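Worksheet for the structure shown next.
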Amino acid sequence: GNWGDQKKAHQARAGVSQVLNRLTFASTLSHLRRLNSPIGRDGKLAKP
DNA sequence: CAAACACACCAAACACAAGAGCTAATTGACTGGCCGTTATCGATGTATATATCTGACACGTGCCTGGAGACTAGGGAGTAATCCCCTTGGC
């Protein structure tokens, strides 16, 4: 899932590729059609 | 003019970002030099297989010696008569 080179993996993004959650058809669909913002996790701001 | 401290500004870092609880899955180093084992290539044979030449045995052909065949020449071996020497026989 590290969208970058192996040597500098930590410098690249994380979670870009995830394991498809095959727990129930609805979950599969939701997963295949999901988004994710690059903003840092748990940011103090609340506009985004 | 040089030195004391004070203020405003600029530049440089520190540490924090609730309590946790469960589950899943990606990473399982790598060229090179060198020593140490071992596999392979090579020589240096001696053992066995096959080919050439020599020796002994076998079948076959042969040159040579002696033997054998037909025919001949002509004389050696050989009937038929004869003599009478000599032997066997006698008193």
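FYI, it's all coordinate maths here, none of it is from the lab. Ideal geometry is used to build each Cβ from the backbone, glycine not excepted, and the neighbour counts take in all protein chains shown.
Remarks
- Where a residue in the stretch A:24-48 is without any contact (Cβ under 8 Å) to a residue 24 or more places away in the chain and its partner, wherever it lies, is exposed (fewer than 10 other Cβ atoms within 10 Å of the Cβ) and among the basic types (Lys, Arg), with Cβ under 9 Å and at least six apart: A:28/A:22; A:31/A:22
- Only one of the numbered conditions (1) exposed (fewer than 11 other Cβ atoms within 10 Å of the Cβ); (2) among the basic types (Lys, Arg); (3) touching a residue at least 24 places away in the same chain (Cβ under 8 Å) is violated by residue A:8, and that is (3).
- Residue count for chain A, restricted to those that are of a type in the set (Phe, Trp, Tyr) and either in a loop (DSSP other than H, G, I, E, B) or in contact with a strand residue (DSSP E or B) (Cβ under 7 Å, 6 or more places away or on another chain) (or both): 1
- When residues of the stretch A:28-48 are limited to those that are closer than 19 Å to residue A:16 by Cβ and aliphatic (A, V, I, L, M), the one nearest to DNA strand B (Cβ to nearest atom): A:39
- Selection count where residues are aliphatic (A, V, I, L, M) and in contact with a helix residue (DSSP H, G or I) (Cβ under 7 Å, 6 or more places away or on another chain), scope the stretch A:5-48: 1
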